[PDB]
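Working notes for the structure below.
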There are 2 protein chains.
Amino acid sequence: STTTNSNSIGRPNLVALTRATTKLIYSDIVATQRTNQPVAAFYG
Amino acid sequence: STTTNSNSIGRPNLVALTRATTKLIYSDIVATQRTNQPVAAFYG
């Protein structure tokens, strides 16, 4: 009458891992260009 | 301790230039046909 009571479990199966991260949306919000100087200046 | 307080900028990066202008929609509003005389006279 051996049951699972006699079966020690060394390690669990992780199965899955998840990171709690924000969906980042700014690419669709801000006009984008790169700056190549410490100061930028736009023309109106 | 050289920091941004010692450095200077010759000219800024323009990055972008704009012009706010009216979207001109008349082409889709008025039937258009060129005249080759100082006076036009349409037929009803």
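Quick note on naming: the chains in the structure tokens go A, B, ... in the order shown, residues restart at 1 in each chain, and ligands are numbered from 1 in order of appearance.
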
Report as CSV the residues of chain A within 8 Å of chain B, each with its shortest atom pair and distance in Å (one decimal), using only C-alpha atoms, ordered by chain and increasing residue number.
residue,atom,partner,partner_atom,distance
A:33,CA,B:15,CA,6.5
A:34,CA,B:15,CA,6.9
A:35,CA,B:15,CA,6.3
A:36,CA,B:13,CA,6.3
A:37,CA,B:13,CA,5.5
A:38,CA,B:9,CA,7.1
A:39,CA,B:12,CA,4.9
A:40,CA,B:13,CA,4.5
A:41,CA,B:14,CA,4.7
A:42,CA,B:14,CA,5.2
A:43,CA,B:17,CA,4.7
A:44,CA,B:18,CA,5.7

Just to confirm, what's the straight-line distance from atom CA of residue A:29 to atom CA of residue B:24 in Å (one decimal)?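 Atom-to-atom, atom CA of residue A:29 to atom CA of residue B:24, that is 25.9 Å.
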
If you measure from atom CA of residue A:31 to atom CA of residue B:25, what distance in Å do you get, rounded to one decimal?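 It comes out at 25.5 Å.
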